Structures are given as structure tokens and as C-alpha cells.
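Please read the structure below before turning to the comments.
Both counts, for ligands and for their atoms, begin at 1 and track the order of listing. Numbering of residues begins at 1 and proceeds along the displayed sequence.
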Amino acid sequence: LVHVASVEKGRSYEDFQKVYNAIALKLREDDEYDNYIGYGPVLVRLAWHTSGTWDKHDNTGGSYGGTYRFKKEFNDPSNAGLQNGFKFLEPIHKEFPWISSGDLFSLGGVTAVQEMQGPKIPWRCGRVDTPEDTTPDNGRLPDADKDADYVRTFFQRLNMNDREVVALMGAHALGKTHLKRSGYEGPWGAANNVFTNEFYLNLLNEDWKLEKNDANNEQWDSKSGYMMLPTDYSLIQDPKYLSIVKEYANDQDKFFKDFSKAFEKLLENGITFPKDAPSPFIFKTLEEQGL
Ligand code: HEM
């Protein structure tokens, strides 16, 4: 099935910058969430999980249809906690009821990355809501207890190569694992609501110990109070991934540029953009607007 991008009727860049801005202003205001981490990280994860159900083989799942709004997908165990990002976006959607669900979930992720001082992420509109029966089944999002071979094979289904996977994993600088949500506990670093290449630096430079958490799952822990999932740690066990981790640990601009591309791609899998669709938008941050 082909999903053709269809611009919300009569809308243009300024309309979407207003939605961006409303998201960004609420991100600034609602700062208490998650022990003052704020909503940035969970909004990035929401964009990823709403996109990461995609299957390149048959074009099922993906960001286009905004299917997270249906109970099968919002109750996926893999999505535990993302309801906080959805609830954040509710008043945004009420103010701007013309935006599609897929466009709002993906735009929330773009807005969060940029407001957290991350790279610019070009973003295209035109996702169209699809019906409840187009919601993908549970089980398309990845397990965390696995090795590098798992990670590599997993991401082939999303048409991501080694560089794209290692870049995308850099988003694990953000936020934290929560025991009751995933069976893992702890942040990956100190700067967890500012977008940096810290994930790579910590992988290479902390002294990691393989421990069991209070849910009886293994994770890697450091004396600084940081953690890595087994799938994170797999990026330094596999020699191909390791080379790329070192590259991003040593070049912040390269990480930014490669993350931006990979994240846009993730958010756009499955969508056909007509030849005469608008160019991708690059939104100004609040800071750049003086707001
Ligand atoms: C092998 C792939 C991946 C696995 C197994 C994985 C697993 C996890 C797990 C278990 C959590 C903790 C959830 C919780 O307890 O709250 C988490 C959090 C998070 N992940 Fe992933 N992840 C992967 C890839 C990605 C990608 C590709 C991105 C986005 C580009 C991403 C962004 C995030 C963010 C931002 C958080 C923090 C959420 C928060 O603080 O609420 N992850 N991930």
C-alpha cells in the first residue's frame, strides 16, 4: 500500500511553525515532569516509537497513519510511559485541530530535539490519519536485552544501516530508563535534557560493571550513576559499531549531522512525497525567534 503525503488544506510553513512554537513553549513551561527532566526525552521517544513500527517489506506501520491514538498501539507494553507524551500533546492538538496525528507526533520529536539544543531536523508535513484497523500489532519495537547481531538485524527492517543505527542510538543521551516502565533503571549520563554526544563518550570512558537491577535484569552500571542497556553496550562489543561510536565521541558536528538525517529518515519511512510537495521545513527555535 502506498501512503501519499497530503498537505493539510491550505497550510504552509508558518502554520507549522506556530505548532512548533506551542510545543516548544509548553516544553519550557511544564518543566517539573520526571524529576525536572521535562518532556523533551519522552517526546523524542514518542516520535521514534510511532515511526519505528514500520516494515519496509509491506509498508505496514510507520508514522503516516498516527495509529498510536488507537488502544492496541498505545497499550503496547513496548510503549509504556509514552502516554505522558501523548497527554502533553493533547492541548496542542486541541489548539491546532487541523494537524494530522502523525504530523503532530513526529513534529513533537523534532521540536524536542531542537529545543534541547540538538541539530536542526528538516520536517515534512502531509501524514494522513488512517483507520483503527491499520494499527500495527504489538511486537515491532526492539528488545533491550539482546546483542549487536540482534540490533543490526532489527534495524534492517527499518532500512537503517550501521551508521544510521549508531547515530540514532545517540538519542539515549536523553532522559532515563524507568524500572516500572521497561525493567531497566537509570539515566545514561549527566546531560539528559540537553542534546549532545554524551552517550558515545560515556560508552567509551566510563568504567562499566554488569549488574542486575531490582527487576532481575542485567544492565551495565557506572560509579557515576549512569547505565547502559545490553543493546547500548553492544555498540562497543561489535567492532563495526565501535568504530562509529568512536567517530561520534570525537566529532559533535558529525554526530549532529548524521543524527538529523537518520531521524528525518525514520520519521519519513513509508511516505511517498509527490514531486510537487513543499520542500522540507526547518523550524526556528524559540531562542532564534526571541521568544
Ligand atoms: C535497539 C534499539 C533500542 C532499544 C532496545 C531501546 C530501548 C529503550 C528502553 C528500554 C528505554 C527506557 C524506557 C523507560 O523505562 O522509560 C528507552 C528510552 C529512550 N529511548 Fe530507546 N531504545 C532503542 C532505540 C532508540 C532510538 C532509535 C531512539 C530515538 C532516536 C530512542 C530514544 C529513547 C529516548 C529519548 C528514551 C528516554 C525516554 C524517557 O526518558 O522517557 N531509543 N529506550
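In this structure, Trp188 is part of the shell of residues with a heavy atom less than 4.0 angstrom from ligand 1. By the 4.0 Å heavy-atom criterion, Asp143 is counted among the residues contacting ligand 1.
The nearest non-hydrogen atom to atom 14 (C) of ligand 1, considering only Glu164, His178, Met160, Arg152, comes from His178. Between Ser182, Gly81, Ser51, it is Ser182 that holds the heavy atom closest to atom 15 (O) of ligand 1.
Remark: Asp103 engages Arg127 in a salt bridge, criterion side-chain N to carboxylate O under 4.0 Å.
Protein heavy atom nearest atom 35 (C) of ligand 1, with residue, atom name and distance: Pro41 O, 3.4 Å. Protein heavy atom in closest approach to atom 2 (C) of ligand 1: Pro142 CG, 3.5 Å. Annotation: atom 39 (C) of ligand 1 to nearest protein heavy atom, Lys176 O, 3.7 Å. Atom 37 (C) of ligand 1 has as its closest protein heavy atom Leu174 O, 3.7 Å.
Remark: the backbone N or O of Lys120 is paired with a side-chain donor or acceptor of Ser260 at under 3.5 angstrom. At least one donor-acceptor pair under 3.5 Å links the side chain of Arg157 to the backbone N or O of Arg140.
Both tests hold for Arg152 against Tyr241: distance to the six-membered ring centre under 6.0 Å, angle to the ring axis within 45°. With a 6.0 Å cutoff to the six-membered ring centre and a 45° limit on the axis angle, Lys26 counts as a cation-pi contact of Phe88.
Those atoms of ligand 1 that come under 4.0 Å of a heavy atom in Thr231, given as number and element, are 5 (C). In summary, the atoms of ligand 1 found under 4.0 Å from a heavy atom of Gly175, numbered by their order in the structure, are 40 (O).
With a 4.5 Å cut-off between side-chain heavy atoms of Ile, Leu, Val, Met, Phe, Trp and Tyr, the cluster of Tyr64 takes in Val128, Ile271, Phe273. Here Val7 is tied to no hydrophobic group at all, with no ILVMFWY side chain closer than 4.5 Å.
Among the atoms of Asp34, none of the N or O lies under 3.5 angstrom from an N or O of ligand 1.
Counting only N and O atoms by type, the side chains of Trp54 and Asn59 include a donor and acceptor under 3.5 Å apart.
Among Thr67, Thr135, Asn138, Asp137, the one residue that satisfies the side chain to side chain donor-acceptor pair (under 3.5 Å) test with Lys72 is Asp137.
Residue-and-atom listing of protein N/O/S atoms under 2.8 Å from atom 21 (Fe) of ligand 1, sorted by chain and number: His172 NE2.
Contacts classified as ring-ring contact (aromatic ring centres under 6.0 Å, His included) and involving residues 120-142 (residues at least two apart or in different chains) are given here: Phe16-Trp123, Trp123-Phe283.
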